[PDB]
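Below you'll find the structure, written out as structure tokens, and then a few comments.
What follows is calculated from the coordinates using simple rules that are stated; it is not laboratory data. Note that each Cβ is placed from the backbone with ideal geometry, even for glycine, and that neighbours are counted across all protein chains shown.
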Ligand SMILES: *[C@@H]1O[C@H](CO)[C@@H](O[C@@H]2O[C@H](CO)[C@@H](O[C@@H]3O[C@H](CO[C@H]4O[C@H](CO[C@H]5O[C@H](CO)[C@@H](O)[C@H](O)[C@@H]5O)[C@@H](O)[C@H](O[C@H]5O[C@H](CO)[C@@H](O)[C@H](O)[C@@H]5O)[C@@H]4O)[C@@H](O)[C@H](O[C@H]4O[C@H](CO)[C@@H](O)[C@H](O)[C@@H]4O)[C@@H]3O)[C@H](O)[C@H]2NC(C)=O)[C@H](O)[C@H]1NC(C)=O
Ligand SMILES: *[C@@H]1O[C@H](CO)[C@@H](O[C@@H]2O[C@H](CO)[C@@H](O[C@@H]3O[C@H](CO[C@H]4O[C@H](CO)[C@@H](O)[C@H](O)[C@@H]4O)[C@@H](O)[C@H](O[C@H]4O[C@H](CO)[C@@H](O)[C@H](O)[C@@H]4O)[C@@H]3O)[C@H](O)[C@H]2NC(C)=O)[C@H](O)[C@H]1NC(C)=O
Ligand code: HEM
Ligand SMILES: O=Cc1ccc(CO)o1
Ligand SMILES: O=Cc1ccc(CO)o1
Ligand SMILES: [Mg+2]
């Protein structure tokens with residue numbers, strides 16, 4: 001009949017560096033039924049047992065795993081996790097797939113809600129990623145070697161053979177241009193416009209070993225290990241401080257860009273959307289997502305309504321801080 005979802009964990013008691021690729025968290029191969037998806041962070045946490053190895057977890061489990069494994073900052077974890085859960089998880093069982101659809105998330109919600117997992121395109125997952133291809137080309141979740149070869153190429157061209165903040169700026173822009181030129185359904189607005197800049201610095205802030213204090217840069221070997229194999233580098237130590245999207249601003253500044261998309265199902269036809277969230281209008285992302293949730297859940301009652309109310313509030317607790325203050329919305333009233 002369902003679960004009563006607890007509030008998110010706070011930051012970890014210990015926030016320093018530590019060995020996370022340790023004897024208790026060994027890499028293991030996929031078994032039948034195990035789910036993996038478009039996020040190399042969650043994928044690696046699952047394949048080392050920081051998350052359930054089957055790739056289905058509670059919000060609380062995801063938050064604690066991102067903190068334990070990578071020192072992902074608490075509010076960034078809350079913002080990402082409840083966004084993913086509201087849109088793509090099962091609110092009644094309190095379970096989210098980190099990939100595609102699975103019976104492991106329990107009885108399906110009422111359509112148009114789906115609990116289809118992080119693989120679901122168009123409100124969270126989106127276009128112009130680093131190692132995943134746009135959904136238009138048929139697969140938005142698998143590692144793509146051609147794209148990784150570009151990652152390596154740009155690292156050679158701008159980062160001395162390593163991925164650093166200069167590389168991030170160049171790659172992000174070039175990937176947007178690729179999608180403009182080749183994907184007639186290319187969208188780069190609302191959630192995706194914001195998350196895409198954060199994700200380009202996570203490799204620097206979170207995939208670089210925490211004992212590297214200066215000149216933080218990621219080797220192609222370490223990049224392949226995480227992005228392709230879902231495996232921590234040998235002896236991997238997490239960031240020495242909670243971290244998330246530091247430097248994303250510089251990535252945008254290197255190639256200023258405006259949210260929008262290819263209009264009218266044509267390539268090379270990018271039109272700005274002035275209503276979209278952007279980095280000086282972050283609260284629009286909050287409002288947009290709450291609207292999306294209402295479309296998924298037009299008239300909930302009982303446990304589903306209760307858990308929607310709680311999850312919306314949990315998400316707001318992170319958004320309020322991360323976005324610098326947003327008025328909470330109550331589309332379903334209060335408990
Ligand atoms: C990501 O990774 C990449 C790759 O590792 C990394 O890139 C490095 O980035 C730093 C800067 O962020 C680079 O260092 C800087 O280079 C600047 C450009 O240098 C060129 O021009 C210099 C200026 O020449 C003057 O004099 C000549 C007369 O000789 C004149 O004609 C010119 O017009 C001009 O007025 C020149 O000195 C320099 O050449 C020297 O060094 C090279 C070796 O690479 C050597 O071949 C030359 O013979 C010569 O000795 C070069 O051609 C430069 O302006 C800048 O200088 C500032 O700092 C230094 C020291 O701190 C001061 O002394 C100076 O006054 C300046 O204020 C600095 O050196 C570095 O070269 C990049 N490395 C590579 C491999 O690309 C990114 O930083 C990474 N990103 C992140 C975020 O980490
Ligand atoms: C891994 O991910 C990569 C990258 O996303 C996938 O490769 C892309 O595949 C798409 C689909 O085939 C390619 O898109 C097509 O591009 C053509 C033009 O490309 C040329 O120019 C680029 C540079 O701009 C060169 O790099 C490239 O080599 C080409 O020379 C267009 O002609 C195509 O458009 C036609 O169909 C669409 C859809 O209906 C219409 O909108 C168009 O008007 C037109 O009629 C198309 O857009 C894309 O070029 C590929 N990129 C690269 C780098 O290869 C891989 O498929 C994927 N790997 C696997 C195996 O999954
Ligand atoms: C906290 C919960 C998390 C959720 C719900 C989440 C969700 C997602 C989703 C849906 C994507 C796909 C977006 C796309 O490229 O289309 C993604 C991409 C990504 N995530 Fe996460 N993520 C989380 C945590 C993390 C952490 C902790 C890290 C790093 C340690 C991380 C690093 C990345 C990177 C680098 C990508 C981009 C991959 C690429 O473009 O090739 N994420 N994540
Ligand atoms: O992949 C994770 C992600 C994207 C954007 C944010 C903000 O916490 O986290
Ligand atoms: O600046 C944008 C943004 C989105 C999510 C977060 C917090 O990590 O910051
Ligand atoms: Mg994507």
Checklist outcome for this item: In the stretch 73-98, residues that are over 26 Å from residue 326 (Cα atoms), in contact (Cβ under 8 Å) with a residue 40 or more places away in the chain and either touching a strand residue (DSSP E or B) at 6+ places or on another chain (Cβ under 8 Å) or surrounded by 24 or more Cβ atoms within 10 Å (Cβ to Cβ) (or both) total 2
Item to check | Selection within the stretch 99-122 - surrounded by fewer than 20 Cβ atoms within 10 Å (Cβ to Cβ), in contact (Cβ under 8 Å) with a residue 40 or more places away in the chain and within 16 Å of ligand 4 (Cβ to nearest atom) | outcome: 122
Checklist entry - Of the residues 128, 101, which is within 16 Å of the chain's Cα centre (by Cα) and either more than 16 Å from ligand 2 (Cβ to nearest atom) or farther than 14 Å from residue 36 by Cα (or both)? => result 128
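Does residue 262 count as within 16 Å of ligand 6 (Cβ to nearest atom) and in contact (Cβ under 8 Å) with a residue 60 or more places away in the chain?
Values: within 16 Å of ligand 6 (Cβ to nearest atom): yes; in contact (Cβ under 8 Å) with a residue 60 or more places away in the chain: yes.
Spelling it out, residue 262 is indeed within 16 Å of ligand 6 (Cβ to nearest atom) and in contact (Cβ under 8 Å) with a residue 60 or more places away in the chain.
Take residue 151 and decide whether it is under 24 Å from residue 185 (Cα atoms), within 16 Å of ligand 1 (Cβ to nearest atom) and in contact with a strand residue (DSSP E or B) (Cβ under 9 Å, 6 or more places away or on another chain). Let's see the steps before the verdict.
Details: under 24 Å from residue 185 (Cα atoms): yes; within 16 Å of ligand 1 (Cβ to nearest atom): yes; in contact with a strand residue (DSSP E or B) (Cβ under 9 Å, 6 or more places away or on another chain): yes.
So residue 151 passes the test.
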Checklist entry - What is the one condition in (1) more than 16 Å from ligand 4 (Cβ to nearest atom); (2) touching a residue at least 60 places away in the same chain (Cβ under 8 Å) that residue 137 does not satisfy? => result (2)
Item to check | Conditions (1) part of a helix (DSSP H, G or I); (2) under 30 Å from residue 251 (Cβ atoms): number failed by residue 268 | outcome: (1)
Checklist entry - Could we say that residue 148 is closer than 21 Å to residue 205 by Cβ, within 15 Å of ligand 3 (Cβ to nearest atom) and within 21 Å of the chain's Cα centre (by Cα) here? => result yes
Item to check | Contacts under 9 angstrom Cβ, first residue in the stretch 146-175 being without any contact (Cβ under 8 Å) to a residue 40 or more places away in the chain, partner within 16 Å of ligand 4 (Cβ to nearest atom) and part of a loop (DSSP other than H, G, I, E, B), 6 or more apart | outcome: 147/129; 147/130; 147/131; 147/132; 150/130
Next on the checklist: Condition first: more than 9 Å from ligand 3 (Cβ to nearest atom), under 20 Å from residue 120 (Cβ atoms) and in contact with a helix residue (DSSP H, G or I) (Cβ under 8 Å, 6 or more places away or on another chain). Can you find one or more residues in the stretch 75-86 that meet it?
Outcome noted: yes
Checklist outcome for this item: Conditions (1) in contact with a helix residue (DSSP H, G or I) (Cβ under 9 Å, 6 or more places away or on another chain); (2) part of a helix (DSSP H, G or I); (3) within 16 Å of ligand 5 (Cβ to nearest atom) -> residue 308 fails only (3)
